[PDB]
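In the form deposited in one PDB entry, a lone chain appears below as structure tokens.
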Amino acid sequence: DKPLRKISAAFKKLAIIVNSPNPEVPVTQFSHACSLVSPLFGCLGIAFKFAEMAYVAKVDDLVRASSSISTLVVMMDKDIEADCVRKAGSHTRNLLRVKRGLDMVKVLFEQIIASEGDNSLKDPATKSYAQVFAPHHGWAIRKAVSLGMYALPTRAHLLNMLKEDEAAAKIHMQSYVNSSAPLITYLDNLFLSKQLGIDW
């Protein structure tokens, strides 16, 4: 089906889990949902090429992890026990970056919705990247991203690539925004509650 619909369906499900008492988020289900977001970065063009190493490789690792590890909590606790939380390539470091990817797409969608009537994606792309990723990327990446903003598809072109009209895309984006918000909060709080921080 259409990429935004796959996304909204999968995250609705995740929202139910996190909004319930004693949530257990399976690594399989979380990593599959996160993989549905990947095609979005590609639709945005060269500006978001960083997403392959920054997001896709990370989801790939969680996909791998999911065969032997039950939940995100158990996954994090294993890395804590092994004292390898901030190590390059740890599941937990990867989870934190995946969280940022989910957040950037959330903010992007919010801004696209807020700017209905402007056929340019420049502000929404620039704003969300600035809010979510800019504080963690080095100079060269930030400069490259900014330059790549001239290569964004128009708003109408993007809708066409995602195979939706304005009304339908609005609903599915809003749905992801509503679903992903408590998930992102859930994830932040796992890090915060285990005294790991979220700014590294």
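Residues that one form lacks are left out of the comparison. Only the largest set of C-alpha atoms that superpose within 1.5 Å between the two forms is called the rigid core. We number the residues from 1 along the sequence you see.
Just so it is clear, the following notes concern the form deposited in another entry, a form of the same protein that is not shown.
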Quiz prompt | Comparing forms between the shown form and the other one after core superposition, the one residue of 63, 53, 171, 156 displaced by 2 Å or more at CA | solution = 53
Quiz item: Closer or farther: how do the CA atoms of residue 153 and residue 52 lie in that other deposited form, compared with the form shown, if the change is at least 3 Å?
Solution: closer
Exercise. Given a change of 3 Å or more, say if the Cα atoms of residue 52 and residue 156 sit closer or farther in that other deposited form than in this form.
Key: closer
Exercise. Using the rigid core for the fit, write out the stretches of 3 or more consecutive residues with CA shifts of 2 Å or more between the shown form and the other one, ordered by sequence.
Key: 46-54
